[PDB]
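Engineer: Before I ask anything, let me first share the structure, which is written out below as structure tokens.
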Amino acid sequence: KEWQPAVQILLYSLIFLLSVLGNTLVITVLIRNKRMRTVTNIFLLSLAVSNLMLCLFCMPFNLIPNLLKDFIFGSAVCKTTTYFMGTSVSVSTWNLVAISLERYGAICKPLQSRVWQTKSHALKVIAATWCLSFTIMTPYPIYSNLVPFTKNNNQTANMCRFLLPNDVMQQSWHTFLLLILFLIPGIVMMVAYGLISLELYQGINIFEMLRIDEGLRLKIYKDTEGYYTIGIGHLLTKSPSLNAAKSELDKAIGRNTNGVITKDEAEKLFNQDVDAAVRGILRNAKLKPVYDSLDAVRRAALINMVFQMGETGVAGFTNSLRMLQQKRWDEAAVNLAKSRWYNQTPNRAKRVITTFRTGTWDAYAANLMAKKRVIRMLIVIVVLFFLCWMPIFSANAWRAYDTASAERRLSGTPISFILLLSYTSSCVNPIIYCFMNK
Ligand SMILES: CN1C(=O)[C@@H](NC(=O)c2cc3ccccc3[nH]2)N=C(c2ccccc2)c2ccccc21
């Protein structure tokens with residue numbers, strides 16, 4: 001009528017600007033900063049390229065013809081615009097699947113999913129996504145043609161239309177898209193983000209706690225006391241000799257290590273350490289009573305201490321050990337910070353003490369809080385993707401099954417806005433990235 005074209009020009013041109021500006025920004029930032037190019041962002045970089053492709057090679061050749069009600073570009077543009085639209089949706093859907101699968105590797109199988117975290121594999125997947133997406137979509141250029149129709153005053157026009165040899169094939173193709181663009185990617189990412197979510201809920205434990213407090217040094221080093229240490233805080237000898245640490249090292253890893261161990265030997269060593277700390281708590285007649293009275297989070301604070309100072313040194317925390325057993329957490333927290341231990345390693349001690357005072361992991365939660373944030377962003381991106389793409393795919397499927405119904409309900413402004421919703425998905429992720437560093 002009179003307004004509809006105005007709102008269309010408005011919304012289309014706005015969504016074009018945001019999507020062009022938004023995605024080229026995301027690309028130029030990522031191309032600029034080598035520090036930014038993580039595995040997850042290399043995918044979000046392949047995602048932002050498909051969003052740019054959809055935005056420049058399809059959107060004008062949809063608003064302009066839908067605004068004029070006449071596809072006035074060539075038969076080639078008609079095959080091109082349909083080709084890139086389906087290629088884009090495919091690349092995007094399988095980029096989102098790759099992301100869910102790499103975060104699953106990182107969060108759920110960290111020391112077990114080593115290759116899924118190589119940038120070389122990441123660019124292998126990205127290449128296989130674009131190549132296969134152009135391949136399975138070749139029906140669109142093969143079977144899309146100008147379809148002549150006639151307007152008001154018997155005025156010939158064309159519409160760009162995708163027509164397969166019959167109805168069984170038109171309907172088979174939509175079953176196809178249903179499967180490899182929604183069902184199969186949908187469950188893959190729902191199982192994945194579901195497992196990721198389970199893990200992230202179970203939260204911090206003694207191992208993650210000691211990994212934050214100790215770190216990883218592959219080569220022999222000295223701690224705050226000046227003692228020779230390796231791996232994840234593994235004390236080698238109190239003696240000042242370096243020859244003796246190197247000896248106690250080779251004996252513990254079983255090979256002539258030459259001062260240097262692997263990450264895999266550090267974790268094996270570190271697992272024996274947490275084992276040994278916990279056995280020392282159980283075998284010591286002063287520590288075991290306190291331990292049993294402790295809740296699992298505080299148990300881990302007691303283990304944290306015993307891991308740093310040994311069974312016997314901690315068992316001599318007689319006045320703090322008593323307060324803990326009596327559930328006097330504030331008293332214990334105040335007393336423990338008057339100790340020499342506090343004075344030697346304040347930052348670590350302040351955390352362990354916070355754990356004792358509150359019974360929570362707040363002291364160690366920062367990193368977990370970051371992973372949870374990213375994961376919730378990714379689940380939001382996936383849900384806004386499907387919500388932006390279900391309508392147009394459902395309108396094409398309904399056309400292939402009952403074209404007369406589909407066209408009478410959707411032909412005017414509804415499919416105009418349904419198409420608009422599609423392009424909106426390509427300007428969604430940059431806006432999300434903006435609201436993420438708030
Ligand atoms: C030719 N082509 C369509 O026919 C359009 N479907 C409609 O426009 C439409 C559906 C419908 C239902 C009821 C009534 C009226 C209807 N119109 N489908 C997309 C597309 C979507 C996903 C993958 C590939 C192509 C597309 C995108 C850009 C250019 C051409 C193009």
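Chain labels follow the order of the structure tokens: the first chain is A, the next B, and so on; residue numbering restarts at 1 in every chain, and ligands are counted from 1 in their shown order.
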Can you pull out every residue from region 124-205 of chain A that DSSP, working from the backbone, puts in strand (DSSP E), and format the result as a PDB file with N, CA, C and O atoms, in the first residue's frame?
Structural biologist:
ATOM      1  N   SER A 144      17.220 -23.167 -10.817  1.00  0.00           N
ATOM      2  CA  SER A 144      16.591 -21.880 -10.576  1.00  0.00           C
ATOM      3  C   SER A 144      16.535 -21.120 -11.889  1.00  0.00           C
ATOM      4  O   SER A 144      17.553 -20.988 -12.580  1.00  0.00           O
ATOM      5  N   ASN A 145      15.337 -20.635 -12.230  1.00  0.00           N
ATOM      6  CA  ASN A 145      15.111 -19.963 -13.495  1.00  0.00           C
ATOM      7  C   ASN A 145      14.155 -18.808 -13.287  1.00  0.00           C
ATOM      8  O   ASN A 145      13.361 -18.797 -12.344  1.00  0.00           O
ATOM      9  N   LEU A 146      14.258 -17.821 -14.176  1.00  0.00           N
ATOM     10  CA  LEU A 146      13.188 -16.844 -14.315  1.00  0.00           C
ATOM     11  C   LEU A 146      11.900 -17.569 -14.662  1.00  0.00           C
ATOM     12  O   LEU A 146      11.882 -18.442 -15.522  1.00  0.00           O
ATOM     13  N   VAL A 147      10.835 -17.262 -13.941  1.00  0.00           N
ATOM     14  CA  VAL A 147       9.524 -17.816 -14.247  1.00  0.00           C
ATOM     15  C   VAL A 147       8.622 -16.651 -14.648  1.00  0.00           C
ATOM     16  O   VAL A 147       8.252 -15.834 -13.791  1.00  0.00           O
ATOM     17  N   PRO A 148       8.246 -16.535 -15.923  1.00  0.00           N
ATOM     18  CA  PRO A 148       7.446 -15.384 -16.355  1.00  0.00           C
ATOM     19  C   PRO A 148       6.034 -15.463 -15.811  1.00  0.00           C
ATOM     20  O   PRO A 148       5.423 -16.534 -15.772  1.00  0.00           O
ATOM     21  N   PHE A 149       5.527 -14.314 -15.375  1.00  0.00           N
ATOM     22  CA  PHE A 149       4.132 -14.146 -14.997  1.00  0.00           C
ATOM     23  C   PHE A 149       3.667 -12.791 -15.516  1.00  0.00           C
ATOM     24  O   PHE A 149       4.427 -12.052 -16.153  1.00  0.00           O
ATOM     25  N   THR A 150       2.402 -12.468 -15.265  1.00  0.00           N
ATOM     26  CA  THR A 150       1.787 -11.285 -15.846  1.00  0.00           C
ATOM     27  C   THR A 150       1.105 -10.473 -14.762  1.00  0.00           C
ATOM     28  O   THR A 150       0.437 -11.026 -13.882  1.00  0.00           O
ATOM     29  N   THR A 156       4.138  -8.055 -18.554  1.00  0.00           N
ATOM     30  CA  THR A 156       5.020  -9.213 -18.295  1.00  0.00           C
ATOM     31  C   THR A 156       6.110  -8.854 -17.292  1.00  0.00           C
ATOM     32  O   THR A 156       6.703  -7.783 -17.416  1.00  0.00           O
ATOM     33  N   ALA A 157       6.325  -9.752 -16.335  1.00  0.00           N
ATOM     34  CA  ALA A 157       7.367  -9.645 -15.330  1.00  0.00           C
ATOM     35  C   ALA A 157       8.046 -10.997 -15.184  1.00  0.00           C
ATOM     36  O   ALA A 157       7.632 -11.995 -15.783  1.00  0.00           O
ATOM     37  N   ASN A 158       9.097 -11.033 -14.373  1.00  0.00           N
ATOM     38  CA  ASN A 158       9.716 -12.299 -14.034  1.00  0.00           C
ATOM     39  C   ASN A 158       9.866 -12.406 -12.532  1.00  0.00           C
ATOM     40  O   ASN A 158      10.087 -11.413 -11.831  1.00  0.00           O
ATOM     41  N   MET A 159       9.755 -13.623 -12.042  1.00  0.00           N
ATOM     42  CA  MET A 159      10.183 -13.906 -10.687  1.00  0.00           C
ATOM     43  C   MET A 159      11.227 -15.006 -10.725  1.00  0.00           C
ATOM     44  O   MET A 159      11.166 -15.905 -11.569  1.00  0.00           O
ATOM     45  N   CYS A 160      12.206 -14.905  -9.828  1.00  0.00           N
ATOM     46  CA  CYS A 160      13.254 -15.908  -9.724  1.00  0.00           C
ATOM     47  C   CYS A 160      12.753 -17.066  -8.885  1.00  0.00           C
ATOM     48  O   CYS A 160      12.331 -16.877  -7.744  1.00  0.00           O
ATOM     49  N   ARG A 161      12.794 -18.270  -9.442  1.00  0.00           N
ATOM     50  CA  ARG A 161      12.144 -19.396  -8.789  1.00  0.00           C
ATOM     51  C   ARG A 161      12.974 -20.674  -8.924  1.00  0.00           C
ATOM     52  O   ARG A 161      13.614 -20.907  -9.956  1.00  0.00           O
ATOM     53  N   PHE A 162      12.933 -21.513  -7.886  1.00  0.00           N
ATOM     54  CA  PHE A 162      13.722 -22.743  -7.799  1.00  0.00           C
ATOM     55  C   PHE A 162      12.777 -23.934  -7.933  1.00  0.00           C
ATOM     56  O   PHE A 162      12.001 -24.224  -7.017  1.00  0.00           O
TER      57      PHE A 162
END
Engineer: Show me a table, sorted first by chain and then by increasing residue number, of the residues of region 215-276 of chain A having an atom at most 8 Å from region 284-308 of chain A, each with its shortest atom pair and the distance in Å to one decimal, counting only C-alpha atoms and written as CSV.
Structural biologist:
residue,atom,partner,partner_atom,distance
A:233,CA,A:308,CA,7.9
A:273,CA,A:307,CA,7.2
A:274,CA,A:307,CA,6.8
Engineer: Would you pick out the contacts of residue 183 (chain A) at 12 Å or less, using only C-alpha atoms, so that residues sharing its chain but fewer than 6 positions from it are not included, and give the list as a PyMOL selection string?
Structural biologist: chain A and resi 93+97+175-177+189-190+386+390
Engineer: Between CA of residue 122 (chain A) and CA of residue 40 (chain A), what distance in Å does the model show, to one decimal?
Structural biologist: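 Going from CA of residue 122 (chain A) over to CA of residue 40 (chain A), I get 8.6 Å.
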Engineer: Name the residues in contact with residue 52 (chain A) at a cut-off of 12 Å, using only C-alpha atoms, excluding same-chain residues fewer than 6 positions from it; report them as a list in words.
Structural biologist: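 The residues satisfying every condition are residues 15, 16, 17, 18, 19, 20, 21, 22, 23, 24, 25, 26, 27, 45, 46, 58, 59, 84, 85, 88, 89, 92, 423, 424, 425, 426, 427, 429 and 430 of chain A.
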Engineer: Suppose we keep C-alpha atoms; can you now write the selection as a PDB file, in the first residue's frame?
Structural biologist:
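That gives us result-v7.pdb:
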ATOM      1  CA  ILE A  15      19.843  -4.331   8.460  1.00  0.00           C
ATOM      2  CA  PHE A  16      22.205  -4.102   5.484  1.00  0.00           C
ATOM      3  CA  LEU A  17      24.290  -1.361   7.111  1.00  0.00           C
ATOM      4  CA  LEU A  18      24.537  -3.134  10.467  1.00  0.00           C
ATOM      5  CA  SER A  19      25.431  -6.429   8.786  1.00  0.00           C
ATOM      6  CA  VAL A  20      28.047  -4.918   6.465  1.00  0.00           C
ATOM      7  CA  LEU A  21      29.594  -2.690   9.133  1.00  0.00           C
ATOM      8  CA  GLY A  22      29.154  -5.353  11.804  1.00  0.00           C
ATOM      9  CA  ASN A  23      30.780  -8.244   9.991  1.00  0.00           C
ATOM     10  CA  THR A  24      33.622  -6.373   8.283  1.00  0.00           C
ATOM     11  CA  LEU A  25      34.454  -4.957  11.711  1.00  0.00           C
ATOM     12  CA  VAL A  26      34.550  -8.473  13.203  1.00  0.00           C
ATOM     13  CA  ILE A  27      36.764  -9.570  10.299  1.00  0.00           C
ATOM     14  CA  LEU A  45      35.621 -15.624  11.365  1.00  0.00           C
ATOM     15  CA  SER A  46      34.294 -18.165   8.819  1.00  0.00           C
ATOM     16  CA  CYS A  58      21.764 -12.021  -1.818  1.00  0.00           C
ATOM     17  CA  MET A  59      20.031  -9.249   0.111  1.00  0.00           C
ATOM     18  CA  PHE A  84      24.980 -18.129  -2.141  1.00  0.00           C
ATOM     19  CA  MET A  85      21.945 -18.011   0.149  1.00  0.00           C
ATOM     20  CA  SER A  88      25.806 -19.401   3.441  1.00  0.00           C
ATOM     21  CA  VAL A  89      23.189 -21.158   5.622  1.00  0.00           C
ATOM     22  CA  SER A  92      27.046 -21.120   9.030  1.00  0.00           C
ATOM     23  CA  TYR A 423      19.029 -11.527   6.718  1.00  0.00           C
ATOM     24  CA  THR A 424      18.724 -10.353  10.329  1.00  0.00           C
ATOM     25  CA  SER A 425      20.678 -13.400  11.494  1.00  0.00           C
ATOM     26  CA  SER A 426      23.778 -12.067   9.730  1.00  0.00           C
ATOM     27  CA  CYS A 427      23.800  -8.883  11.822  1.00  0.00           C
ATOM     28  CA  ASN A 429      26.460 -11.948  16.121  1.00  0.00           C
ATOM     29  CA  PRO A 430      28.374  -8.614  15.826  1.00  0.00           C
TER      30      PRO A 430
END
Engineer: Do you know which residues are within 9 Å of ligand 1 using only C-alpha atoms and all ligand atoms? Can you write them as a PyMOL selection string?
Structural biologist: chain A and resi 58-59+61-62+66+78-89+137+140+144-145+159-163+389+392-400+403-412+414-416+418-419+422
Engineer: Restricting the output to N, CA and C atoms, write the selected residues as a short mmCIF file (atom, residue, chain, number, x, y, z; two decimals), in the first residue's frame.
Structural biologist:
data_model
loop_
_atom_site.label_atom_id
_atom_site.label_comp_id
_atom_site.auth_asym_id
_atom_site.auth_seq_id
_atom_site.Cartn_x
_atom_site.Cartn_y
_atom_site.Cartn_z
N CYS A 58 23.14 -11.53 -1.80
CA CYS A 58 21.76 -12.02 -1.82
C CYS A 58 20.75 -10.96 -1.44
N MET A 59 21.05 -10.15 -0.42
CA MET A 59 20.03 -9.25 0.11
C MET A 59 19.57 -8.20 -0.89
N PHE A 61 19.49 -8.29 -4.22
CA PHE A 61 18.75 -9.07 -5.20
C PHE A 61 17.61 -9.84 -4.55
N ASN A 62 17.18 -9.41 -3.36
CA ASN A 62 15.90 -9.83 -2.79
C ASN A 62 15.00 -8.67 -2.43
N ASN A 66 11.69 -7.80 -4.66
CA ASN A 66 10.47 -7.90 -3.87
C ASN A 66 9.81 -6.54 -3.72
N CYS A 78 19.83 -14.64 -10.82
CA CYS A 78 18.82 -15.46 -10.15
C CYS A 78 19.42 -16.78 -9.65
N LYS A 79 20.27 -17.42 -10.45
CA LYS A 79 20.94 -18.63 -9.99
C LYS A 79 21.99 -18.31 -8.93
N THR A 80 22.66 -17.16 -9.05
CA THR A 80 23.71 -16.79 -8.09
C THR A 80 23.12 -16.50 -6.71
N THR A 81 22.10 -15.64 -6.66
CA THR A 81 21.53 -15.22 -5.39
C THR A 81 20.96 -16.40 -4.61
N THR A 82 20.43 -17.40 -5.32
CA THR A 82 19.90 -18.56 -4.61
C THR A 82 21.02 -19.48 -4.15
N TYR A 83 22.08 -19.58 -4.97
CA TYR A 83 23.24 -20.40 -4.65
C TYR A 83 23.92 -19.93 -3.37
N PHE A 84 24.26 -18.64 -3.30
CA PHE A 84 24.98 -18.13 -2.14
C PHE A 84 24.12 -18.13 -0.89
N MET A 85 22.81 -17.99 -1.03
CA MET A 85 21.95 -18.01 0.15
C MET A 85 21.97 -19.38 0.81
N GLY A 86 21.89 -20.45 0.03
CA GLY A 86 21.93 -21.79 0.60
C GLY A 86 23.33 -22.21 0.98
N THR A 87 24.34 -21.73 0.25
CA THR A 87 25.70 -22.00 0.65
C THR A 87 25.98 -21.38 2.01
N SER A 88 25.58 -20.13 2.17
CA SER A 88 25.81 -19.40 3.44
C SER A 88 25.17 -20.15 4.61
N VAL A 89 23.89 -20.46 4.52
CA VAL A 89 23.19 -21.16 5.62
C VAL A 89 23.91 -22.46 5.96
N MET A 137 24.84 -27.67 -2.58
CA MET A 137 23.90 -26.61 -2.95
C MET A 137 23.79 -26.41 -4.47
N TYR A 140 20.66 -25.49 -6.53
CA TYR A 140 20.06 -24.17 -6.64
C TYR A 140 20.43 -23.49 -7.95
N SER A 144 17.22 -23.17 -10.82
CA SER A 144 16.59 -21.88 -10.58
C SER A 144 16.53 -21.12 -11.89
N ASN A 145 15.34 -20.64 -12.23
CA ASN A 145 15.11 -19.96 -13.50
C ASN A 145 14.15 -18.81 -13.29
N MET A 159 9.76 -13.62 -12.04
CA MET A 159 10.18 -13.91 -10.69
C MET A 159 11.23 -15.01 -10.73
N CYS A 160 12.21 -14.90 -9.83
CA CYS A 160 13.25 -15.91 -9.72
C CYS A 160 12.75 -17.07 -8.89
N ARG A 161 12.79 -18.27 -9.44
CA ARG A 161 12.14 -19.40 -8.79
C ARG A 161 12.97 -20.67 -8.92
N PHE A 162 12.93 -21.51 -7.89
CA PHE A 162 13.72 -22.74 -7.80
C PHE A 162 12.78 -23.93 -7.93
N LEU A 163 12.86 -24.64 -9.07
CA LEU A 163 11.89 -25.66 -9.43
C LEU A 163 12.59 -26.95 -9.83
N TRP A 389 16.06 -18.57 10.70
CA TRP A 389 16.12 -19.38 9.49
C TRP A 389 15.00 -20.40 9.39
N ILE A 392 11.80 -19.00 6.91
CA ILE A 392 11.88 -19.05 5.45
C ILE A 392 12.01 -20.49 4.96
N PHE A 393 12.72 -21.34 5.70
CA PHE A 393 12.79 -22.74 5.27
C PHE A 393 11.43 -23.42 5.42
N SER A 394 10.67 -23.05 6.44
CA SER A 394 9.33 -23.61 6.60
C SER A 394 8.36 -23.07 5.56
N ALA A 395 8.59 -21.86 5.05
CA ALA A 395 7.71 -21.33 4.02
C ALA A 395 7.98 -22.00 2.68
N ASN A 396 9.25 -22.24 2.34
CA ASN A 396 9.55 -23.01 1.14
C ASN A 396 9.05 -24.45 1.24
N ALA A 397 9.18 -25.09 2.39
CA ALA A 397 8.70 -26.46 2.49
C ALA A 397 7.19 -26.52 2.33
N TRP A 398 6.49 -25.53 2.89
CA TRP A 398 5.04 -25.51 2.79
C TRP A 398 4.60 -25.25 1.35
N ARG A 399 5.35 -24.42 0.63
CA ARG A 399 5.09 -24.18 -0.79
C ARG A 399 5.23 -25.47 -1.60
N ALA A 400 6.26 -26.26 -1.33
CA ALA A 400 6.43 -27.49 -2.08
C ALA A 400 5.38 -28.53 -1.75
N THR A 403 1.35 -25.60 -2.37
CA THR A 403 1.74 -24.29 -2.87
C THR A 403 0.60 -23.29 -2.83
N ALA A 404 -0.62 -23.72 -3.18
CA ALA A 404 -1.75 -22.79 -3.20
C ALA A 404 -2.03 -22.20 -1.81
N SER A 405 -2.05 -23.04 -0.76
CA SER A 405 -2.20 -22.50 0.60
C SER A 405 -1.05 -21.57 0.95
N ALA A 406 0.19 -22.06 0.82
CA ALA A 406 1.36 -21.28 1.17
C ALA A 406 1.35 -19.91 0.50
N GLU A 407 1.06 -19.87 -0.80
CA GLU A 407 1.13 -18.59 -1.48
C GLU A 407 -0.01 -17.66 -1.04
N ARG A 408 -1.20 -18.19 -0.73
CA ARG A 408 -2.25 -17.24 -0.40
C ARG A 408 -2.06 -16.65 0.99
N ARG A 409 -1.48 -17.41 1.92
CA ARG A 409 -1.21 -16.88 3.26
C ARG A 409 0.04 -16.01 3.32
N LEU A 410 1.05 -16.26 2.48
CA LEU A 410 2.34 -15.61 2.69
C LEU A 410 2.76 -14.62 1.61
N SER A 411 2.07 -14.55 0.48
CA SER A 411 2.64 -13.92 -0.70
C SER A 411 2.94 -12.43 -0.50
N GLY A 412 2.09 -11.71 0.19
CA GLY A 412 2.33 -10.29 0.23
C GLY A 412 3.42 -9.82 1.17
N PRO A 414 3.84 -10.89 4.38
CA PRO A 414 4.42 -11.86 5.32
C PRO A 414 5.73 -12.46 4.84
N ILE A 415 5.82 -12.92 3.60
CA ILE A 415 7.09 -13.46 3.14
C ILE A 415 8.10 -12.35 2.95
N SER A 416 7.64 -11.11 2.79
CA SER A 416 8.57 -9.99 2.77
C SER A 416 9.33 -9.91 4.08
N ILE A 418 9.40 -12.30 6.55
CA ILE A 418 10.06 -13.58 6.79
C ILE A 418 11.42 -13.61 6.11
N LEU A 419 11.50 -13.13 4.87
CA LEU A 419 12.80 -12.99 4.23
C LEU A 419 13.68 -12.03 5.00
N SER A 422 15.42 -13.50 7.89
CA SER A 422 16.56 -14.32 7.49
C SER A 422 17.85 -13.50 7.50
#
Engineer: For residue 64 (chain A), find every residue with an atom within 10 Å (counting only C-alpha atoms), except residues of its own chain fewer than 5 positions away, and show them as a ChimeraX atom specification.
Structural biologist: /A:9,12,59,69-73
Engineer: From the DSSP assignment of the backbone, select every residue of region 144-282 of chain A that is alpha helix (DSSP H), and format the answer as a PyMOL selection string.
Structural biologist: chain A and resi 167-178+184-202+206-214+242-253+263-282
Engineer: Export C-alpha atoms of the chosen residues as a CSV table (one decimal), in the first residue's frame?
Structural biologist:
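result-v6.csv was written with the following content:
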chain,number,residue,atom,x,y,z
A,167,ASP,CA,6.8,-32.6,-6.6
A,168,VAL,CA,8.3,-35.7,-5.1
A,169,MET,CA,11.8,-34.2,-5.8
A,170,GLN,CA,10.8,-30.7,-4.5
A,171,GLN,CA,9.6,-32.4,-1.3
A,172,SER,CA,12.6,-34.7,-1.1
A,173,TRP,CA,14.9,-31.8,-1.2
A,174,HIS,CA,13.2,-30.1,1.7
A,175,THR,CA,13.5,-33.3,3.8
A,176,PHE,CA,17.1,-33.2,2.8
A,177,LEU,CA,17.6,-29.6,4.1
A,178,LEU,CA,15.5,-30.4,7.2
A,184,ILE,CA,21.5,-33.3,12.5
A,185,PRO,CA,23.2,-30.1,13.5
A,186,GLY,CA,20.5,-29.4,16.1
A,187,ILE,CA,21.0,-32.6,18.1
A,188,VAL,CA,24.8,-32.6,17.7
A,189,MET,CA,24.9,-29.2,19.3
A,190,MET,CA,22.3,-29.9,21.9
A,191,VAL,CA,24.1,-33.0,23.1
A,192,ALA,CA,27.4,-31.0,23.0
A,193,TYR,CA,26.2,-27.9,24.7
A,194,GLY,CA,24.3,-30.1,27.1
A,195,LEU,CA,27.5,-32.1,28.1
A,196,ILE,CA,29.6,-28.9,28.3
A,197,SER,CA,26.8,-27.4,30.5
A,198,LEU,CA,26.8,-30.4,32.9
A,199,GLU,CA,30.6,-30.1,33.4
A,200,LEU,CA,30.6,-26.4,33.9
A,201,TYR,CA,27.9,-26.9,36.5
A,202,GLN,CA,29.9,-29.4,38.6
A,206,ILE,CA,40.8,-29.8,44.2
A,207,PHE,CA,42.6,-30.4,41.0
A,208,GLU,CA,41.5,-27.2,39.3
A,209,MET,CA,42.2,-25.4,42.6
A,210,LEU,CA,45.7,-26.6,42.9
A,211,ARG,CA,46.3,-26.0,39.1
A,212,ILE,CA,45.5,-22.3,39.7
A,213,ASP,CA,47.6,-22.1,42.8
A,214,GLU,CA,50.7,-24.0,41.5
A,242,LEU,CA,70.6,-29.0,42.2
A,243,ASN,CA,72.3,-32.4,41.4
A,244,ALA,CA,70.0,-33.9,44.2
A,245,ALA,CA,66.8,-32.4,42.7
A,246,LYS,CA,67.8,-33.7,39.3
A,247,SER,CA,68.3,-37.1,40.8
A,248,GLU,CA,65.1,-37.1,42.8
A,249,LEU,CA,63.4,-36.0,39.5
A,250,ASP,CA,64.7,-38.9,37.4
A,251,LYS,CA,63.7,-41.4,40.1
A,252,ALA,CA,60.2,-40.0,40.2
A,253,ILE,CA,59.5,-39.9,36.4
A,263,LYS,CA,53.0,-32.0,30.6
A,264,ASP,CA,51.8,-35.6,30.7
A,265,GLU,CA,54.3,-36.6,33.3
A,266,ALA,CA,53.5,-33.5,35.3
A,267,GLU,CA,49.8,-34.5,35.5
A,268,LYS,CA,50.7,-38.1,36.4
A,269,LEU,CA,53.0,-36.7,39.1
A,270,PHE,CA,50.4,-34.1,40.2
A,271,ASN,CA,47.8,-36.9,40.5
A,272,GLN,CA,50.1,-38.8,42.8
A,273,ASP,CA,50.6,-35.7,44.8
A,274,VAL,CA,47.0,-35.0,45.5
A,275,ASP,CA,46.7,-38.7,46.3
A,276,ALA,CA,49.6,-38.4,48.8
A,277,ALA,CA,48.2,-35.2,50.4
A,278,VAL,CA,44.9,-36.9,51.0
A,279,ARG,CA,46.4,-40.0,52.4
A,280,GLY,CA,48.5,-37.8,54.8
A,281,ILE,CA,45.3,-36.2,56.0
A,282,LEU,CA,43.7,-39.6,56.6
Engineer: As an exercise, work out the distance from CA of residue 118 (chain A) to CA of residue 100 (chain A) in Å and give it to one decimal place.
Structural biologist: 15.2 Å
Engineer: Looking at A:314, A:106, A:56, A:261, which one is nearest to residue 229 (chain A), with distances taken over only C-alpha atoms?
Structural biologist: A:261
Engineer: Once you count only C-alpha atoms, what closest atom pair and distance in Å to one decimal does each residue of region 305-342 of chain A within 9 Å of region 351-369 of chain A have, with rows by chain and rising residue number, as CSV?
Structural biologist:
residue,atom,partner,partner_atom,distance
A:305,CA,A:352,CA,7.8
A:324,CA,A:356,CA,8.0
A:328,CA,A:357,CA,8.5
A:329,CA,A:357,CA,4.8
A:330,CA,A:357,CA,5.7
A:331,CA,A:357,CA,8.6
A:332,CA,A:357,CA,7.5
A:333,CA,A:353,CA,5.5
A:334,CA,A:353,CA,8.6
A:336,CA,A:353,CA,7.2
A:337,CA,A:353,CA,7.7
Engineer: Which value, in Å to one decimal, gives the distance between CA of residue 116 (chain A) and CA of residue 102 (chain A)?
Structural biologist: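 Computing it gives 6.0 Å between the two atoms.
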